């Protein structure tokens, strides 16, 4: 399946089935996308929604989050687990207030410079909130790509990771990137699951290698032992 076909089929799918009404999808801003991405990294969406709403109410802007005492941030985070995310979240908020005048950065370099923000997250923030042309690659997106293009190596390996980043770059369009990237995350989270993927409900089923050979269990490769 060519790249043009890949994005086109994903976009058509998103239009008809994709969720576009979550709290962090309404009146999107870099701040809301960032906050949600960090909460979603290690936590299920259902659990995240109430916390996101509580955070946005208490911290309407990044400067409000920055000026707040860390103890208050951790108290509100209670129940989400993986508190390192919270600690970095607060530091990043303070970095935005200090270095960027309270305006969450809208350029890749500045975003990726924040604590707790990686290449994929920075790309997600700018693409989802401003439509900037950046590809993403988290565990969910990587699984979809690895299966579709049969990448059997372990993503923990440098060459494999770079290979997956190349594939994401190839299929990610500029036109409609905000929709494409959200769709990819949705597919990997709801359709292309680790176990028994719902291939019949997948928009890439007609070109996916793993589906053609019923070999989804081989991709991505597991850490050798």
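Numbering follows the first chain given and starts at 1.
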**Q.** Between 38-46 and 63-71 (mean CA B-factor, as deposited), the higher
**A.** 38-46
Q) Once you work out the mean C-alpha B-factor for both 197-205 and 18-26 from the entry, which is higher? A) 18-26
Q. For the listed 79, 123, 116, 101, which has the peak Cα B-factor recorded in the PDB entry?
A. 101
Q: Would you please rank residue 179 by its C-alpha temperature factor against the other modelled residues of its chain and give the third it falls in: lowest, middle or highest?
A: middle
Q: Within this chain's modelled residues, let me know which third the CA B factor of residue 186 belongs to: lowest, middle or highest.
A: middle
Q: Please rank the C-alpha B-factors of the chain's modelled residues and tell me whether residue 53 sits in the lowest, middle or highest third.
A: lowest
Q: Consider only the C-alpha atoms of the modelled residues in this chain, order them by B-factor as the entry records it, and name the third containing residue 83: lowest, middle or highest.
A: lowest
Q: Would you check the entry's CA temperature factor for residue 127 and let me know if it's in the chain's lowest, middle or highest third?
A: middle
